[PDB]
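Listed below, chain by chain, are the residues.
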Amino acid sequence: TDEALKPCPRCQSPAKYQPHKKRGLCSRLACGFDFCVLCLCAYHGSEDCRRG
Ligand SMILES: [Zn+2]
Ligand SMILES: [Zn+2]
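Cut-offs used in this document
- Residues numbered from 1 in each chain as written, not as in the entry; some residues may be left out.
- Chains lettered and ligands numbered in written order.
- Heavy atoms only, no water.
- Salt bridge = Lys/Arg side-chain N within 4 Å of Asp/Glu carboxyl O.
- Helix = DSSP H or I, 4+ residues; strand = E, 2+ residues; numbered from the N terminus.
- Pairing = 2+ DSSP bridges.
- Axes fitted to C-alpha atoms, helices over the stretch in contact; angles between N-to-C directions.
- Core = buried A, V, L, I, M, F, W, Y, C linked by side-chain atoms within 4.5 Å.
- Buried < 20%, exposed > 50% of the residue type's maximum accessible area, 1.4 Å probe, protein only.
- Contact = heavy atoms within 4.5 Å.
- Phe/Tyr/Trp six-rings, centres within 6.5 Å; stacked < 30°, edge-to-face > 60°.
- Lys NZ or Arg CZ within 6 Å of the ring centre and 35° of its normal.

A. Representation of the pattern of salt bridges. One pass over the structure, following the stated rule, counts two salt bridges. Taking the shortest distance from any N to any O, the salt bridge between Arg-23 and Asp-34 comes out at 2.8 Å. With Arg-23 in strand 2 (residues 23–25) and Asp-34 in strand 3 (residues 34–36), this residue pair connects regions lying 11 residues apart in the sequence.

Encoded structure:
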């Protein structure tokens, strides 16, 4: 099994990982970011990710 926590796309800090919501929230109070864990952009909820 093992643990999982993803780096924040702004500051690379270990963000609070939410695999049940495909969401990640930064632990750095000056950064305070909310991202999609599939494409590492600002969180887009129920929408699908984008190519690049
Ligand atoms: Zn951050
Ligand atoms: Zn995405």
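There's plenty left to go through after this.
B. The arrangement of the sheet that holds strand 2 in detail. Judged by pairing direction, the sheet is antiparallel, and its three strands sit side by side in the order 1-2-3 without closing on themselves. In this open sheet, the two edge strands, each paired with only one partner strand, are strand 1 (16–18) and strand 3. Averaged over all pairs of adjacent strands, the angle between strand axes in this sheet comes to 20 degrees, irrespective of strand direction. Strand direction decides the pairing type here: strand 1 and strand 2, joined by three bridges, are antiparallel. Bridge pairing in strand 2 places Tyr-17 opposite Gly-24.

C. Here's a closer look at the nonpolar core. Among the nonpolar cores identified, the biggest contains seven residues, and these are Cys-8, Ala-15, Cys-26, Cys-31, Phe-33, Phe-35 and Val-37. In this view, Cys-26 contacts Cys-8, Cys-11, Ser-13, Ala-15, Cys-31, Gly-32 and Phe-33; residues no more than four positions away in its chain are not counted.

D. Local environment of the packing of aromatic side chains. Evaluation of the coordinates by the stated rule reveals zero aromatic pairs. The side chain of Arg-23 reaches across the aromatic face of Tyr-43, ending 5.2 Å from its centre.

On their own, these measurements won't tell you what the molecule is for.
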